[PDB]
Every structure is written in structure tokens, then in C-alpha cells.
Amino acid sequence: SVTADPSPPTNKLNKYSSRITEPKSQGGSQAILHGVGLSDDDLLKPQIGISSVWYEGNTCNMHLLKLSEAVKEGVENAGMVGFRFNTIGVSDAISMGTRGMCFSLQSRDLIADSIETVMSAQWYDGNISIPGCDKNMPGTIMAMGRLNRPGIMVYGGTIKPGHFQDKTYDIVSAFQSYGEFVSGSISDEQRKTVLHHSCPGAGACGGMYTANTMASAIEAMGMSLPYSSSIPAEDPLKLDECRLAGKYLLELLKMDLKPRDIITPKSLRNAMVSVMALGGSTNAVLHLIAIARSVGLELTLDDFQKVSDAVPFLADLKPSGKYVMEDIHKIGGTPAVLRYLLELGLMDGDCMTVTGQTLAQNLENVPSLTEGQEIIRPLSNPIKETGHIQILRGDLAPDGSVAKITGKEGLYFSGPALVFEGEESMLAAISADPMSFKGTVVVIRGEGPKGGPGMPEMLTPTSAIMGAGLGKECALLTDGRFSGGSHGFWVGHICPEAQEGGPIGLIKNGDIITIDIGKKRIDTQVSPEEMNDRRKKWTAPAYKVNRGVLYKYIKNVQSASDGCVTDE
């Protein structure tokens, strides 16, 4: 029983805004509303909060004001009042590699707080959110779940791949350019050319990374309109979707079809099914748990393992494959993918969606995957018989951990631990003495929600390992997160994190660590009694901040196995 936001004061379409538009005792409210341009007749209409995440310093978000204007126009075209407002967001592509990354994950929870705040204070009847980026998307859904007022999330759209001189690039090309330069693979001028053509325009990062994972998952959950996740950012049809969201939201107000009517155990499973089938990001574990909690439901790591075991990986999409979200768009979009998964019996078609109809009804007449397409494998010949996402426990991750397992890595890794108290000291060690890493289980700890602080996503450690030729010769463990595609036994989200005294914070250099994918365990040769000896002598490190938004995060955040929720 979630208690968060104001209740409305049955067939009324302005259930909330009537609190301030109708009583004479709210004459001050009505005076403001006339001052912002509402007529007496406008005061009778539903009021839609239109929350975008526009900002100019990221390609994923710089276009969203234009989208928000189209959403407002369509809300007015549907007989409603549209009130635009706008939250913050941050760019992982900009902050990756820097301590700015400590601020990224928590911006999800701040976006949720932001939209909840405005919708509650202004008494809006419904919400249309326009995220464009990584964390923006689940933050908007969490606010929707807390408020439980009719809402639709309009994905801003993925960016198109960059093209120059018969070469094709994305943000990962730009990430990888430094290492290829240092290795001698490319010249400084080729490096510079990659940076000028990797990000050609607006839109979220282009492969099946976190943004496309979550947009697809949220469409599969029924909380975006069909095709929202797969229409590209700069596409004319994205603007048309914006101009239609008001029509759809009107119908949701008439039926009073709310987020907790749409986000259910079965539609959460539908979202998880799309993550497994498409090879989506391990970050979806954090965000789908957070979304489930926001509507008062439960979702555990073991629920992810069960769906992973039930759903084959079918999609030849970056990072693990070759294609990108624009290629999905060209062969029928996300609805064509979900139609195939539904036909295979992998999804529950009875779930209500923001179209006002069920998932099966949305998908009944959509064009199917284009004949001859090579992106989505048939069930008979999947890329992997089960999903990439694997939950591991064992001695060193007793409360869980998350890995992306392709099947190319083998079933076991065993090696002496090489332990670093953060990303910076690992990178200096691999720079000075790369051969000391050969055969080791590398542990980068102190990078969890409280220890980091902020659970930063880390990319430099793994590109340093790949560039040293050590990809098949070591394993990587962290209480933080690893960015992009895996190329080995790379395990993140290890719980309890080191800052909390979890076993990962008790590992010492030379401890033999064995990762067993089949048993789903990360174990240590150190005896349980010696581990307990170390725990008795362990003292928590001082927090790295004492003020500001990150210290509030330290005070509030739950574990990664609990989705790093902050409001419980």
C-alpha cells in the first residue's frame, strides 16, 4: 500500500485539477490559471502535465523541446489543457571515465522525485513524459507509478548511426578510438575523424544499450504507444506520435486506466521477456526492479533468472551483435519483434496498455518481421538458448550479482585475486604492470551505491584489459557497474557492496576466486571462518562526500539487488 501523493477530492475527466479549478475557496489558484492563459471554459478541462527532459548539452536530449511542443499541441487538439515542464538529466557519454559518472544513476531517482513533485503540487490529471536518454526513462515511469494517474511515456527516439566515407560509427566507436590510437591501430587523424562523425544528430545512444533496452522494455510493459521505442529521434513519425499522445491520453482518462492497472506482474514479465530476447543491458535489472517497487509490487533477482532461463537470446544487435535500433525500425519495429515473441507464446497478450487495448490487440494487425530479415533469429536457431542475463551468488556475492553471459566465455574461471579500492588505482596498476593481471580475478571495489558513491558505470577498466590483450586471460568483479558489452567473466552489482562490509570488501590479493556459471556462484578458497575473522576486524571506510545530492544518495539508497531504490 503505497502512500506518497495526494488523492483526488467517478466519470469526471478532471479528477485532480477540479481540486483547484472548481471550489470558490481556491480563487487564488484560478487567478494564476487565468494569468497563464486559461479561460473560464478552459478551467473545466483536464490538465495534462507534459514533462520533458530537454537540455542542450546532450544529443539524446537537445531535441526534446520541439517534441514537447508537439505533445502540447496534440493535448490541446484533444480538448485538454497542456502544461509543459522540464526536469534535469545527465549524459553518460559525456561523463564516462570521470567522477561526474557518480551523479548518473541517482539522476533517475531525482527525475522521479521531480515529476512527482510537480504533478502533486499543481493537481494535474494526467502525465505525458518525454525522456530521451539512459536514466530518464525509468525515472519518468517511477513517478507515474507513485502518482498512479493516467500517463504515457513518449520515447524521444534513438540516434541514427554516423556515416563517413563508407565507414559506420556510433558512440562506442568514439569510446574505442583512444585505445586504437594508443595501440597504433589507427593514427591521430583517424582518431579525430571518428570523433567528428560518431554522433550525427539527436537521439539516445544507438545500439541495444540501456536507453534502447529500457525504451523497448517500457513499450513491452504497455506504457509507451506501439513503435515509440523503435522510431528514430529525427523521424517525422516521432513528431506524429507526439501529436497523438493527447488523443490516447484522453481515452485513458475516460477509462481511468492508470499505471498500476497497466504495470502488473504479467506486464513486468513482458518487459523482462523483451530484455532477454533482445540482449538488453544488465542495467534493466536495476530499473525494472525500481519500476516494480514504484507501483507497490515485488521483483527479485531470481525473477530475472527465471525469465532468462525461459527466453532465448534472438537478436543480432550491438553490443553483442552487428545491427542497431534503426535496423529494427526498418524491419517492422518493436511491435513486429513483440508480435513474434507473442506468437511464440513467450508473452502474455491480455495485459492492458496505454492504447486503451491489450498487447495482443495492439499487435494483431501490425506488419510482421519483414520476410528475409536476418536480425531476429527463429526460435529454432537462437543466438543463445537462454538469456544473456545471469544472476550469481556464492561466497563473495551472497546477496546477488549480475553478469552478461554470451556463451563464448566457458563455464569456469579460477584465479588469484588482484584487488583495487577503486577504478583509478586499477588503471594505474594495469598501466605500469599489465602482465601482473594475467590469470587474475580483478576486483574493483568501493564502486557501489554508497561506496562510489552513486554506483558509477565503468568503461576504462575493461578497455584497458582488452587493449592489454588480457580479455580471455582474467575475470573482473565489481560492486559497481560495467559499461557496454562484456568480453569475459565480468560481474557487477555484487552485494553487499564493499562499503557495507560485504565479502567483496574482505577479499585480499592472492585469494583464489572461482567463478562457476553453471552453479551460479562466485566463491573463494578462503575458509568461511577466515572470512568471518576478516569481517570482525573490518571497519567501514569514510564516505567520500559529506554534503550535497550524493551524500543524500548515500543516506537513502538501497542495494543493487533492491534496484537502488531511494524512497523506502
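Residue indices: 1-based, along the sequence shown.
According to the entry, the stretch of the deposited sequence that connects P23 to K24 contains no residue lacking coordinates, so the chain runs unbroken between them. Per-stretch averaging of Cα B factors for 366-374 and 473-481 places 366-374 on top. Across the two stretches, 417-425 and 142-150, the PDB entry reports the greater mean Cα temperature factor for 417-425. Of the residues listed, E251, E343, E241, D125, the entry assigns the biggest Cα temperature factor to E343.
The entry lists C-alpha B-factors for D316, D109, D303, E497, and the highest of these is at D316. The PDB entry assigns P528 a C-alpha temperature factor belonging to the highest third of its chain's modelled residues. For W490, the recorded CA temperature factor ranks within the middle third of the chain's modelled residues. In the deposited entry, the Cα temperature factor of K536 sits in the top third of values across the chain's modelled residues. Compared with the other modelled residues of the chain, the Cα B-factor recorded for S114 ranks in the lowest third. Per-chain ranking of the deposited C-alpha B factor places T10 in the highest third.
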